[PDB]
There are 2 protein chains.
Amino acid sequence: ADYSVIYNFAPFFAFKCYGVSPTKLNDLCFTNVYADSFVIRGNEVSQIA
Amino acid sequence: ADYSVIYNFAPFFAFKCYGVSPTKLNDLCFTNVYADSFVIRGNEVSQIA
Ligand SMILES: *[C@@H]1O[C@H](CO)[C@@H](O)[C@H](O)[C@H]1NC(C)=O
């Protein structure tokens, strides 16, 4: 997993991580990763938390 | 030093201060001030910390 290339795919501003830090994702080793994708409204982004 | 005129020079939103507060900068008296200027990408601003 190379998390330093994600910035080259989408025009977002910054991550928002809860249990870890965005800069420390290149050192830890996990068991499985899951990715969920969808489209919502502008003011409903704060509800994903 | 008058830090209330800085808002009239650049179209930024707000300060981001770490050791002090932006509203209390008119009272303290320092020894020297340094200013560094450059241009970076949009998503690399969060790395200046
Ligand atoms: C720096 O500040 C103004 C904005 O108030 C800018 O338009 C201009 O390039 C500079 N000021 C002058 C007098 O040139």
# chains A, B, ... in the order shown; residues from 1 in each chain; ligands from 1

$ residues_around --residues "stretch 37-41 of chain B" --least-positions-apart "5" --cutoff "12 Å" --atoms "only C-alpha atoms" --output "number ranges by chain"
A: 7-8, 11-14; B: 46-48

$ interface_residues --of "chain B" --to "chain A" --cutoff "9 Å" --atoms "only C-alpha atoms" --output "list in words"
residues 42, 43, 44, 45 and 46 of chain B

$ closest_residue --among "B:16, B:22, B:30, B:5" --to "ligand 1" --atoms "only C-alpha atoms and all ligand atoms"
B:5

$ residues_around --residues "residue A:25" --least-positions-apart "6" --cutoff "10 Å" --atoms "only C-alpha atoms" --output "NGL selection string"
:A and (1-4)

$ write_last_selection --atoms "N, CA and C atoms" --output "short mmCIF file (atom, residue, chain, number, x, y, z; two decimals), in the first residue's frame"
data_model
loop_
_atom_site.label_atom_id
_atom_site.label_comp_id
_atom_site.auth_asym_id
_atom_site.auth_seq_id
_atom_site.Cartn_x
_atom_site.Cartn_y
_atom_site.Cartn_z
N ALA A 1 0.84 -1.19 0.00
CA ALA A 1 0.00 0.00 0.00
C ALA A 1 0.88 1.24 0.00
N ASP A 2 0.68 2.10 -1.00
CA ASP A 2 1.37 3.38 -1.10
C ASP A 2 0.31 4.47 -1.03
N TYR A 3 0.18 5.12 0.13
CA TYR A 3 -0.83 6.13 0.35
C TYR A 3 -0.39 7.52 -0.07
N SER A 4 0.82 7.67 -0.61
CA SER A 4 1.30 8.95 -1.09
C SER A 4 0.91 9.24 -2.53
#

$ atom_distance --atom1 "atom 5 (O, counted along the ligand's line) of ligand 1" --atom2 "atom CA of residue B:17"
23.2 Å

$ decode --residues "stretch 14-41 of chain A" --atoms "N, CA, C and O atoms" --output "mmCIF file, in the first residue's frame"
data_model
loop_
_atom_site.group_PDB
_atom_site.id
_atom_site.type_symbol
_atom_site.label_atom_id
_atom_site.label_comp_id
_atom_site.auth_asym_id
_atom_site.auth_seq_id
_atom_site.Cartn_x
_atom_site.Cartn_y
_atom_site.Cartn_z
ATOM 1 N N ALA A 14 -7.593 17.528 1.985
ATOM 2 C CA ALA A 14 -6.834 16.783 2.979
ATOM 3 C C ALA A 14 -7.652 15.587 3.441
ATOM 4 O O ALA A 14 -8.866 15.520 3.229
ATOM 5 N N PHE A 15 -6.965 14.643 4.077
ATOM 6 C CA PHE A 15 -7.618 13.472 4.643
ATOM 7 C C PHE A 15 -8.418 13.866 5.882
ATOM 8 O O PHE A 15 -8.422 15.018 6.323
ATOM 9 N N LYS A 16 -9.110 12.882 6.453
ATOM 10 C CA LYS A 16 -9.731 13.037 7.766
ATOM 11 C C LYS A 16 -9.741 11.645 8.391
ATOM 12 O O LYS A 16 -10.612 10.826 8.082
ATOM 13 N N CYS A 17 -8.758 11.379 9.244
ATOM 14 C CA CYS A 17 -8.572 10.070 9.849
ATOM 15 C C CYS A 17 -8.825 10.153 11.348
ATOM 16 O O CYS A 17 -8.547 11.172 11.986
ATOM 17 N N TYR A 18 -9.359 9.068 11.905
ATOM 18 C CA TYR A 18 -9.834 9.050 13.281
ATOM 19 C C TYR A 18 -8.959 8.225 14.214
ATOM 20 O O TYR A 18 -8.598 8.695 15.296
ATOM 21 N N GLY A 19 -8.610 7.000 13.830
ATOM 22 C CA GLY A 19 -7.812 6.153 14.696
ATOM 23 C C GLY A 19 -6.317 6.279 14.492
ATOM 24 O O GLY A 19 -5.532 5.866 15.351
ATOM 25 N N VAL A 20 -5.907 6.847 13.360
ATOM 26 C CA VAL A 20 -4.506 6.972 12.989
ATOM 27 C C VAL A 20 -4.263 8.380 12.455
ATOM 28 O O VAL A 20 -5.151 9.231 12.462
ATOM 29 N N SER A 21 -3.035 8.616 11.992
ATOM 30 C CA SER A 21 -2.677 9.882 11.377
ATOM 31 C C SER A 21 -2.343 9.680 9.904
ATOM 32 O O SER A 21 -1.774 8.646 9.537
ATOM 33 N N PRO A 22 -2.689 10.640 9.042
ATOM 34 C CA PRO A 22 -2.463 10.446 7.599
ATOM 35 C C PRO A 22 -1.005 10.237 7.224
ATOM 36 O O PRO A 22 -0.722 9.504 6.269
ATOM 37 N N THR A 23 -0.072 10.860 7.943
ATOM 38 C CA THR A 23 1.342 10.758 7.604
ATOM 39 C C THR A 23 1.980 9.453 8.066
ATOM 40 O O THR A 23 3.084 9.133 7.613
ATOM 41 N N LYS A 24 1.322 8.698 8.945
ATOM 42 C CA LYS A 24 1.876 7.470 9.499
ATOM 43 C C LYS A 24 1.269 6.218 8.877
ATOM 44 O O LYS A 24 1.368 5.134 9.461
ATOM 45 N N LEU A 25 0.645 6.342 7.706
ATOM 46 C CA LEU A 25 -0.012 5.206 7.071
ATOM 47 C C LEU A 25 0.936 4.351 6.239
ATOM 48 O O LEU A 25 0.512 3.310 5.728
ATOM 49 N N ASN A 26 2.195 4.757 6.090
ATOM 50 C CA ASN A 26 3.160 3.996 5.310
ATOM 51 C C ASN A 26 3.943 2.987 6.141
ATOM 52 O O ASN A 26 4.712 2.206 5.572
ATOM 53 N N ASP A 27 3.770 2.980 7.460
ATOM 54 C CA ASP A 27 4.538 2.116 8.350
ATOM 55 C C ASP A 27 3.736 0.956 8.918
ATOM 56 O O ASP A 27 4.277 -0.141 9.073
ATOM 57 N N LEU A 28 2.464 1.168 9.240
ATOM 58 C CA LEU A 28 1.655 0.120 9.843
ATOM 59 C C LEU A 28 1.284 -0.941 8.813
ATOM 60 O O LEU A 28 1.238 -0.681 7.609
ATOM 61 N N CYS A 29 1.013 -2.151 9.301
ATOM 62 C CA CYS A 29 0.615 -3.263 8.445
ATOM 63 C C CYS A 29 -0.689 -3.842 8.969
ATOM 64 O O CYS A 29 -0.748 -4.315 10.110
ATOM 65 N N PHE A 30 -1.727 -3.807 8.137
ATOM 66 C CA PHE A 30 -3.067 -4.207 8.529
ATOM 67 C C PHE A 30 -3.373 -5.617 8.030
ATOM 68 O O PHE A 30 -2.534 -6.296 7.435
ATOM 69 N N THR A 31 -4.606 -6.057 8.278
ATOM 70 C CA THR A 31 -5.092 -7.357 7.834
ATOM 71 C C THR A 31 -5.948 -7.270 6.578
ATOM 72 O O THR A 31 -5.768 -8.071 5.656
ATOM 73 N N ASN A 32 -6.874 -6.315 6.526
ATOM 74 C CA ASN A 32 -7.726 -6.107 5.365
ATOM 75 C C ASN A 32 -8.102 -4.636 5.303
ATOM 76 O O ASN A 32 -8.214 -3.971 6.336
ATOM 77 N N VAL A 33 -8.299 -4.129 4.087
ATOM 78 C CA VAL A 33 -8.729 -2.749 3.886
ATOM 79 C C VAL A 33 -10.043 -2.763 3.119
ATOM 80 O O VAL A 33 -10.250 -3.611 2.247
ATOM 81 N N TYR A 34 -10.941 -1.842 3.456
ATOM 82 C CA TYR A 34 -12.219 -1.751 2.761
ATOM 83 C C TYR A 34 -12.445 -0.329 2.270
ATOM 84 O O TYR A 34 -12.126 0.633 2.969
ATOM 85 N N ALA A 35 -12.991 -0.203 1.062
ATOM 86 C CA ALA A 35 -13.240 1.097 0.449
ATOM 87 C C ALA A 35 -14.708 1.199 0.062
ATOM 88 O O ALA A 35 -15.213 0.353 -0.683
ATOM 89 N N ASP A 36 -15.384 2.232 0.561
ATOM 90 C CA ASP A 36 -16.788 2.487 0.256
ATOM 91 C C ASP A 36 -16.906 3.825 -0.459
ATOM 92 O O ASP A 36 -16.334 4.820 -0.009
ATOM 93 N N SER A 37 -17.652 3.860 -1.560
ATOM 94 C CA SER A 37 -17.747 5.064 -2.376
ATOM 95 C C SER A 37 -19.202 5.419 -2.638
ATOM 96 O O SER A 37 -20.025 4.537 -2.902
ATOM 97 N N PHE A 38 -19.515 6.713 -2.574
ATOM 98 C CA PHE A 38 -20.856 7.182 -2.909
ATOM 99 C C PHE A 38 -20.821 8.684 -3.175
ATOM 100 O O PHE A 38 -19.762 9.319 -3.155
ATOM 101 N N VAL A 39 -22.000 9.243 -3.444
ATOM 102 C CA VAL A 39 -22.179 10.661 -3.740
ATOM 103 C C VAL A 39 -23.302 11.192 -2.862
ATOM 104 O O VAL A 39 -24.392 10.610 -2.825
ATOM 105 N N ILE A 40 -23.044 12.295 -2.162
ATOM 106 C CA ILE A 40 -24.003 12.888 -1.243
ATOM 107 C C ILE A 40 -24.092 14.387 -1.513
ATOM 108 O O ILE A 40 -23.468 14.913 -2.432
ATOM 109 N N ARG A 41 -24.890 15.072 -0.696
ATOM 110 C CA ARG A 41 -25.051 16.512 -0.814
ATOM 111 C C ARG A 41 -23.938 17.238 -0.059
ATOM 112 O O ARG A 41 -23.143 16.636 0.665
#
